[PDB]
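One line per chain: the protein sequences are D and E, in this order.
Using the deposited numbering, the first residue of the first sequence is number 716, and each one after it goes up by one.
Using the deposited numbering, the first residue of the second sequence is number 766, and each one after it goes up by one.
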Amino acid sequence: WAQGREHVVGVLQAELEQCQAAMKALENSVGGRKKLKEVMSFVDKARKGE
Amino acid sequence: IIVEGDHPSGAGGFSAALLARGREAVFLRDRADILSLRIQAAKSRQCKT
């Protein structure tokens with residue numbers, strides 16, 4: 716259990732890093748990070764009641 | 766920058782209707798500046814005569 720505990724951190728964080736990169740990757744594709752954050756603001760808003 | 770399209774769909778992250786909206790926006794900008802510049806010309810001393 717202790718061994719699985721030590722390994723899960725390095726693995727899980729490596730999954731997170733590829734996740735953030737894929738996000739940046741989507742950022743460049745859409746255009747500006749600022750623009751993508753705008754569309755994200757529109758979707759979050761539409762998802763909330765705003 | 767160069768784009769090479771007669772009809773660009775997404776360039777610099779912008780949709781086909783978004784490029785139209787910016788073009789019109791630059792037309793309005795150059796129109797506005799020219800209008801300001803002509804108002805300044807009307808208040809110029811050289812239009813007094």
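Ideal Cβ placement from N, Cα and C applies to all residues, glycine included.
- The straight-line gap separating the alpha-carbon atoms of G725(D) and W716(D) is approximately 15 angstroms.
- Taking C-beta separations shorter than 7 angstroms and ignoring five residues to either side along the sequence, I767(E) has no partners in its chain.
- Judged by DSSP in its simplified three-state form, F757(D) adopts helix.
- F792(E) and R786(E) have their C-alpha atoms spaced approximately 10 angstroms apart.
- For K750(D), at least one C-beta of chain E is nearer than 9 angstroms to its own C-beta.
- The residues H772, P773, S774 and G775, in chain order, have a CB closer than 8 angstroms to that of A781(E) in the same chain once the five nearest residues on each side in sequence are set aside.
- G778(E) places its beta carbon less than 9 angstroms from that of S744(D).
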